[PDB]
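Chemist: Below is the structure I would like to discuss, written out as structure tokens.
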Amino acid sequence: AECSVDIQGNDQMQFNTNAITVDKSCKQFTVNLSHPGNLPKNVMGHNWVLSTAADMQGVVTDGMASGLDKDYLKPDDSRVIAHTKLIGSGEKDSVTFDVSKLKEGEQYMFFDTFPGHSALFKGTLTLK
Ligand SMILES: [Cu+2]
Ligand SMILES: [Cu+2]
């Protein structure tokens, strides 16, 4: 099966997908984030951050607290299963992670931890 997905978010908080399926036969999985648009990362940055559903709230909240110079992620956050950098317009970042970190049956969410962006850019990731 395929083991990659392309994800983009613009200056308008508009993104291409709210649901990612990771096939169970993938050993690694890659997310390629891009940002169409004209605003820089300090004004309208986006990241892609993966945790269980239950951990999403805390990761988001602690991330906002940590600020731009930490890419809005609390340092050393063991709840983050994988994540891209925070990017701004015209930029691109890709993360490849080990699919052995995911357990069929558990509920995962992906999301942007830039302040407030969690409300509009988030989604489910499922291992099938
Ligand atoms: Cu395959
Ligand atoms: Cu964003």
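Scheme for the structure tokens: letters A, B, ... for chains in order shown; per-chain residue numbers from 1; ligand numbers from 1 in order shown.
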Could you list, as a PyMOL selection string, all residues that come within 7 Å of ligand 1? Count only C-alpha atoms and all ligand atoms.

Modeler: chain A and resi 1-3+25-26

Chemist: Go ahead and save the residues from that selection, with C-alpha atoms, as a short mmCIF file (atom, residue, chain, number, x, y, z; two decimals), in the first residue's frame.

Modeler:
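Contents of again.cif, freshly written:
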```cif
data_model
loop_
_atom_site.label_atom_id
_atom_site.label_comp_id
_atom_site.auth_asym_id
_atom_site.auth_seq_id
_atom_site.Cartn_x
_atom_site.Cartn_y
_atom_site.Cartn_z
CA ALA A 1 0.00 0.00 0.00
CA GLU A 2 1.04 3.65 -0.08
CA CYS A 3 2.80 4.90 3.09
CA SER A 25 1.76 -3.19 6.30
CA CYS A 26 3.73 0.05 6.18
#
```

Chemist: Excluding residue A:91 and any residue of its chain fewer than 4 positions from it, enumerate the residues within 9 Å of it, using only C-alpha atoms, and give them as a list in words.

Modeler: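 Here the answer would be residues 33, 34, 35, 36 and 87 of chain A.
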
Chemist: Can you pull out every residue with an atom within 6 Å of ligand 2? Use only C-alpha atoms and all ligand atoms and format it as a PDB file with N, CA and C atoms, in the first residue's frame.

Modeler:
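Contents of the output file result06.pdb:
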```pdb
ATOM      1  N   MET A  44       1.347  32.916  10.800  1.00  0.00           N
ATOM      2  CA  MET A  44       0.387  31.926  10.325  1.00  0.00           C
ATOM      3  C   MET A  44       1.159  30.593  10.080  1.00  0.00           C
ATOM      4  N   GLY A  45       2.007  30.204  11.049  1.00  0.00           N
ATOM      5  CA  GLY A  45       2.786  28.963  10.900  1.00  0.00           C
ATOM      6  C   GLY A  45       1.880  27.735  11.073  1.00  0.00           C
ATOM      7  N   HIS A  46       2.207  26.624  10.423  1.00  0.00           N
ATOM      8  CA  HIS A  46       1.453  25.394  10.721  1.00  0.00           C
ATOM      9  C   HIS A  46       2.481  24.279  10.988  1.00  0.00           C
ATOM     10  N   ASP A 112      -2.405  20.959  14.384  1.00  0.00           N
ATOM     11  CA  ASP A 112      -1.488  22.090  14.322  1.00  0.00           C
ATOM     12  C   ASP A 112      -1.458  22.733  15.717  1.00  0.00           C
ATOM     13  N   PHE A 114       0.144  25.646  16.489  1.00  0.00           N
ATOM     14  CA  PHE A 114       0.244  27.143  16.424  1.00  0.00           C
ATOM     15  C   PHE A 114      -1.014  27.732  17.158  1.00  0.00           C
ATOM     16  N   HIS A 117      -4.895  27.243  16.173  1.00  0.00           N
ATOM     17  CA  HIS A 117      -5.060  26.599  14.883  1.00  0.00           C
ATOM     18  C   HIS A 117      -5.645  25.210  15.055  1.00  0.00           C
TER      19      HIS A 117
END
```

Chemist: Please identify all polymer residues within 9 Å of residue A:111, counting only C-alpha atoms, omitting same-chain residues fewer than 4 positions from it, and present them as a VMD selection string.

Modeler: chain A and resid 47 to 51 56 60 117 to 124

Chemist: Which is closer to residue A:62 than all the others in A:4, A:126, A:113, A:10, using only C-alpha atoms?

Modeler: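 Once distances to residue A:62 are computed over only C-alpha atoms, the minimum belongs to A:113.
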
Chemist: Pick the closest to residue A:11 from A:106, A:24, A:84, A:89: which is it, counting only C-alpha atoms?

Modeler: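 Using only C-alpha atoms, residue A:11 sits closest to A:89.
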
Chemist: Could you check how far atom CA of residue A:105 sits from atom CA of residue A:61, in Å to one decimal?

Modeler: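 Pair atom CA of residue A:105 / atom CA of residue A:61 returns 25.6 Å.
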
Chemist: Could you check the closest approach to residue A:79 for each of A:95, A:43, A:19, A:59 and tell me which residue wins, using only C-alpha atoms?

Modeler: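 Smallest distance to residue A:79 is found for A:59.
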
Chemist: Under the rule that only C-alpha atoms are counted, which of A:12, A:7, A:30, A:82 is the nearest residue to residue A:101?

Modeler: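 That would be A:82, the residue with the smallest distance to residue A:101.
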
Chemist: Go through A:104, A:98, A:55, A:93 one by one, measure the shortest atom-to-atom distance of each to residue A:32 using only C-alpha atoms, and give the residue with the smallest value.

Modeler: A:93

Chemist: Leaving out residue A:53 and any residue of its chain fewer than 3 positions from it, which residues lie within 7 Å of it when counting only C-alpha atoms, given as a PyMOL selection string?

Modeler: chain A and resi 56+107-109

Chemist: Using N, CA and C atoms, can you write the selected residues to a file as an mmCIF file, in the first residue's frame?

Modeler:
```cif
data_model
loop_
_atom_site.group_PDB
_atom_site.id
_atom_site.type_symbol
_atom_site.label_atom_id
_atom_site.label_comp_id
_atom_site.auth_asym_id
_atom_site.auth_seq_id
_atom_site.Cartn_x
_atom_site.Cartn_y
_atom_site.Cartn_z
ATOM 1 N N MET A 56 -4.237 14.963 22.995
ATOM 2 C CA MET A 56 -4.263 16.117 22.131
ATOM 3 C C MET A 56 -4.444 17.423 22.859
ATOM 4 N N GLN A 107 -7.071 5.390 19.301
ATOM 5 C CA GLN A 107 -7.561 6.564 18.574
ATOM 6 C C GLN A 107 -6.463 7.637 18.555
ATOM 7 N N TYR A 108 -6.013 8.016 17.359
ATOM 8 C CA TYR A 108 -5.020 9.072 17.240
ATOM 9 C C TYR A 108 -5.615 10.342 16.647
ATOM 10 N N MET A 109 -5.026 11.460 17.019
ATOM 11 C CA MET A 109 -5.372 12.683 16.349
ATOM 12 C C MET A 109 -4.096 13.388 15.828
#
```

Chemist: Just the number, please: distance in Å from atom CA of residue A:41 to atom CA of residue A:81, one decimal.

Modeler: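 Atom CA of residue A:41 sits 22.5 Å away from atom CA of residue A:81.
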
Chemist: I'd like to know which residues of chain A are alpha helix (DSSP H) (by DSSP, run on the backbone); could you write them as a ChimeraX atom specification?

Modeler: /A:41-44,53-66
